[PDB]
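Going left to right, the sequence shown walks through residues 1 to 171, 173 to 246, 251 to 329 as PDB author numbering numbers them.
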Amino acid sequence: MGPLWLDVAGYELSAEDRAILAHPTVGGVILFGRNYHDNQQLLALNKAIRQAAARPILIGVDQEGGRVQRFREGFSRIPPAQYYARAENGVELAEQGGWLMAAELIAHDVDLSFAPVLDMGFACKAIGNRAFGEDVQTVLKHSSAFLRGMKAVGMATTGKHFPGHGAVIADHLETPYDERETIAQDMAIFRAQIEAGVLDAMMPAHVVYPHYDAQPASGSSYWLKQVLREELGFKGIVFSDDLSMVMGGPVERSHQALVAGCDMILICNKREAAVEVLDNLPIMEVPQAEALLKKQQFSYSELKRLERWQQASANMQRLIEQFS
Numbered sequence: 001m002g003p004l005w006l007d008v009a010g011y012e013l014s015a016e017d018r019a020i021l022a023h024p025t026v027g028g029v030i031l032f033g034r035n036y037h038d039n040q041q042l043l044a045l046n047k048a049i050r051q052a053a054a055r056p057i058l059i060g061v062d063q064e065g066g067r068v069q070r071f072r073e074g075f076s077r078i079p080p081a082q083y084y085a086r087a088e089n090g091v092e093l094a095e096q097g098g099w100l101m102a103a104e105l106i107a108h109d110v111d112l113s114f115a116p117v118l119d120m121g122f123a124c125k126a127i128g129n130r131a132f133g134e135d136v137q138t139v140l141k142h143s144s145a146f147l148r149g150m151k152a153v154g155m156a157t158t159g160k161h162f163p164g165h166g167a168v169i170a171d173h174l175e176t177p178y179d180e181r182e183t184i185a186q187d188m189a190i191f192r193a194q195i196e197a198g199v200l201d202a203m204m205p206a207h208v209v210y211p212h213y214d215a216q217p218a219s220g221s222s223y224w225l226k227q228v229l230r231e232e233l234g235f236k237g238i239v240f241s242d243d244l245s246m251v252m253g254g255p256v257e258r259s260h261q262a263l264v265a266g267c268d269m270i271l272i273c274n275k276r277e278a279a280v281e282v283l284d285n286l287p288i289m290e291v292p293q294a295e296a297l298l299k300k301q302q303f304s305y306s307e308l309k310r311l312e313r314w315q316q317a318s319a320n321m322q323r324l325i326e327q328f329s
């Protein structure tokens, strides 16, 4: 695997997608709703992706439940992360949620979902009910549960959005700011999940914490190195934010993400810029990214035979209905 995650246009690989997936700078492919028509089509495309790379490669997606579920039709609907803690059954249900979400991606040949959201609070319009809670305990208590489900089926985990996007309650510049003099609680959540060793990966917030550092966390040496590696001893993979959203052109920016301390970089919704990176960036391997590869393998028929799937999909459906 190389460092670059990119995307494709639709339901099937084009000639150009194929030539690009064979380039050793690509490490992974991130799928969106636009790449999903139906269960069999999804399987066929993921099979075509792995085939064109002729080498291990990652297939990722943002499948959190609720406001962010790329694949809905033909899947179990997963509730907003927020709901779990509102049932008096929350830990039990969050785990089922995480297990069901993870299990079904895997059943369709996807390695990982970019989750869980470890942000605190609901006031950030963009995070909202994507968060597990408004306080450190609620959040830790329920995302640990979601985390454990993911891991039970062999799915690598990704805490986002470090060091915490849940209080970004402002908005007329290009980059979002969070001007608190301290974000100690928001970050205590990432710290504990790191210490417990339950995250394989971490996605940084594209947010400036002016009290701390001038750069957006996703592109900040302080946040990704001093804080994330040195102060917290995180040992997993570090993603960049989508490098499409100062620093220079595509290849200039990627280079900064990497120097800032990202192990991998995402370039979405801009094919020309991904290609510019493939053509001009010196080749680097990210072998430790092998750790994100899904660890189990099964089909959707085999899965739908576990009592566990039958309970979980029934229990998620009613959890959703319970809080319309």
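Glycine included, C-beta positions come from ideal geometry on N, C-alpha and C.
Every unbroken alpha helix (DSSP H) inside the segment 296-327 [4 residues or more]: 305-308, 312-326
Distance between beta carbons of residue 163 and residue 224, contact taken as under 8 angstroms: One-based indexing of the sequence shown puts residue 224 at position 223. One-based indexing of the sequence shown puts residue 163 at position 163. Sure, about 6 angstroms apart at Cβ, within 8 angstroms.
Going by DSSP, what residues sit across from residue 159 in a beta bridge? Here residue 159 refers to the residue found at position 159 when the sequence shown is read from its first residue. The partner list for residue 159 (beta bridge, DSSP) reads 203.
Option in 241, 232, 233, 18 with minimal Cα separation from residue 221: Indexing the sequence shown from 1 puts residue 221 at position 220. Checked all of 241, 232, 233, 18; the closest Cα to residue 221 is 241.
Buried or exposed: where does residue 183 fall if 16 or more other Cβ atoms within 10 Å of its Cβ makes it buried? Here residue 183 is taken as the residue at index 182 of the sequence shown, counted from 1. Counting Cβ neighbours within 10 Å, residue 183 comes out exposed, since fewer than 16 surround it.
By the 10 Å Cβ neighbour count, where 16 or more other Cβ atoms means buried, how is residue 88 classified, buried or exposed? Along the sequence shown, one-based indexing puts residue 88 at 88. Exposed, since its Cβ has fewer than 16 Cβ neighbours within 10 Å.
CB contact flag (residue 60, residue 30, <7 angstroms): For the purposes of this step, residue 60 is taken as the residue at position 60 of the sequence shown. For the purposes of this step, residue 30 is taken as the residue at position 30 of the sequence shown. Contact: yes.
Every unbroken alpha helix (DSSP H) inside the segment 18-101 [4 residues or more]: Fully enclosed alpha helix (DSSP H) runs of 4 or longer: 39-53.
Under 7 angstroms, do residue 200 and residue 159 count as touching if we go by C-beta distance? Here the question's residue 200 lines up with position 199 in the sequence shown. Here the question's residue 159 lines up with position 159 in the sequence shown. By the CB criterion at 7 angstroms, residue 200 and residue 159 fall inside the cutoff.
Let's test the definition: count the other Cβ atoms within 10 Å of the Cβ of residue 219 and tell me whether it reaches 16, buried, or not, exposed. Reading the sequence shown from its first residue, position 218 is the one you call residue 219. So residue 219 counts as buried.
Environment of residue 197 [buried if 16+ CB atoms lie within 10 Å]: Within the sequence shown, residue 197 is the residue found at index 196, counting from 1. It counts as exposed.
Is residue 142 closer than 7 angstroms to residue 193 when the C-beta atoms are compared? Numbered from 1 along the sequence shown, position 192 holds the residue referred to as residue 193. Numbered from 1 along the sequence shown, position 142 holds the residue referred to as residue 142. Taking 7 angstroms as the Cβ cut-off, residue 193 and residue 142 do not qualify as a contacting pair.
Measuring CB atoms only, is the segment 128-138 touching the segment 96-114, in the sense that at least three cross pairs come out at less than 8 angstroms? no
Return the CA-CA distance between residue 170 and residue 129, expressed in angstroms with no decimal places. On the sequence shown, residue 170 is found 170 positions in, with the first residue counted as 1. On the sequence shown, residue 129 is found 129 positions in, with the first residue counted as 1. Going by the C-alpha atoms only, they are around 17 angstroms apart.
Quick one: Cα of residue 122 to Cα of residue 19, how far? Counting from one through the sequence shown, the residue named residue 122 turns up at place 122. Counting from one through the sequence shown, the residue named residue 19 turns up at place 19. The straight-line gap from Cα to Cα measures roughly 43 angstroms.
Are residue 33 and residue 70 closer than 7 angstroms when you measure CB to CB? What you label residue 33 is simply residue 33 of the sequence shown in a count that begins at 1. What you label residue 70 is simply residue 70 of the sequence shown in a count that begins at 1. The answer is yes: Cβ separation under 7 angstroms.
Coarse secondary structure for residue 245, derived from DSSP in three states: Taking the first residue of the sequence shown as position 1, residue 245 is located at position 244. Three-state result, residue 245: coil.
Measure the alpha-carbon distance for residue 227 versus residue 125 and round it to whole angstroms. Taking the first residue of the sequence shown as position 1, residue 227 is located at position 226. Taking the first residue of the sequence shown as position 1, residue 125 is located at position 125. The alpha-carbon atoms of residue 227 and residue 125 are separated by roughly 29 angstroms.
Taking buried to mean at least 16 other C-beta atoms within 10 Å of its own C-beta, is residue 202 buried or exposed? Counting from 1 along the sequence shown, the entry for residue 202 is found at position 201. Looking at its Cβ environment, which holds 16 or more other Cβ atoms inside 10 Å, residue 202 is buried.
Let's see if you can read the secondary structure: which residues bound the alpha helix (DSSP H) around residue 272? Along the sequence shown, one-based indexing puts residue 272 at 267. Note, residue 272: premise wrong, no alpha helix (DSSP H); not H, not E.
Quick one: measure Cβ to Cβ for residue 175 and residue 212, integer angstroms, because I've assumed they're closer than 8 angstroms. The residue you call residue 175 lines up with position 174 of the sequence shown. The residue you call residue 212 lines up with position 211 of the sequence shown. Contact doesn't hold; Cβ gap of about 20 angstroms is too wide.
Just the C-alpha distance for residue 36 and residue 151, rounded to the nearest angstrom, thanks. In the sequence shown, counting from the first residue as 1, residue 36 sits at position 36. In the sequence shown, counting from the first residue as 1, residue 151 sits at position 151. The straight-line gap from Cα to Cα measures roughly 25 angstroms.
Quick one: grab the DSSP three-state call for residue 256. Translated into positions along the sequence shown, residue 256 becomes position 251. The answer is helix: DSSP assigns residue 256 an H, G or I state.
How far does the beta strand (DSSP E) with residue 4 in it extend, from its first residue to its last? Counted from its first residue, the sequence shown places residue 4 at position 4. First-last of the beta strand (DSSP E) with residue 4: 4-6.
Where the alpha helix (DSSP H) containing residue 108 begins and where it ends: One-based indexing of the sequence shown puts residue 108 at position 108. Premise fails: residue 108 is in no alpha helix (DSSP H) and is neither H nor E.
What did DSSP end up calling residue 238 once you bin it into helix, strand or coil? Mapped onto the sequence shown, residue 238 falls at position 237. The answer is strand: DSSP assigns residue 238 an E or B state.
Can you find the residues in the same chain that come closer than 7 angstroms, C-beta to C-beta, to residue 56, ignoring five residues on each side of it along the sequence? Residue 56 sits at position 56 when you count from the first residue of the sequence shown. So the list reads 1, 295, 298, once near-sequence residues are dropped.
Please classify residue 311 as buried or exposed, where buried requires at least 16 neighbouring CB atoms within 10 angstroms. Indexing the sequence shown from 1 puts residue 311 at position 306. With fewer than 16 other Cβ atoms within 10 Å, it is exposed.
Alpha-carbon spacing of residue 314 relative to residue 149, whole angstroms: As a position in the sequence shown, residue 314 is number 309, starting the count at 1. As a position in the sequence shown, residue 149 is number 149, starting the count at 1. Computed Cα separation, rounded: 12 angstroms.
So the candidates are 144, 146, 233, 25; which of them puts its Cα closest to the Cα of residue 185? Numbered from 1 along the sequence shown, position 184 holds the residue referred to as residue 185. Considering only alpha carbons, the answer is 233.
Hey, how far is the Cα of residue 72 from the Cα of residue 118? Along the sequence shown, read from residue 1 onward, the residue named residue 72 stands at position 72. Along the sequence shown, read from residue 1 onward, the residue named residue 118 stands at position 118. Taking the straight line joining both Cα atoms gives about 23 angstroms.
Residue 112 by DSSP, collapsed to three states: which one? Reading the sequence shown from its first residue, position 112 is the one you call residue 112. Residue 112 falls in the strand class under three-state DSSP.
Nearest to residue 290 by alpha carbon, out of 270, 278, 210? In the sequence shown, residue 290 corresponds to position 285, counting from 1. The option with the nearest alpha carbon to residue 290 is 270.
What does a CB cutoff of less than 8 angstroms around residue 66 pick up in its chain, not counting 5 residues either side in sequence? The sequence position of residue 66 within the sequence shown is 66, counting from 1. Within the same chain, residue 66 has close Cβ partners 78, 79, 80, 81, 82, 83, 129, 130.
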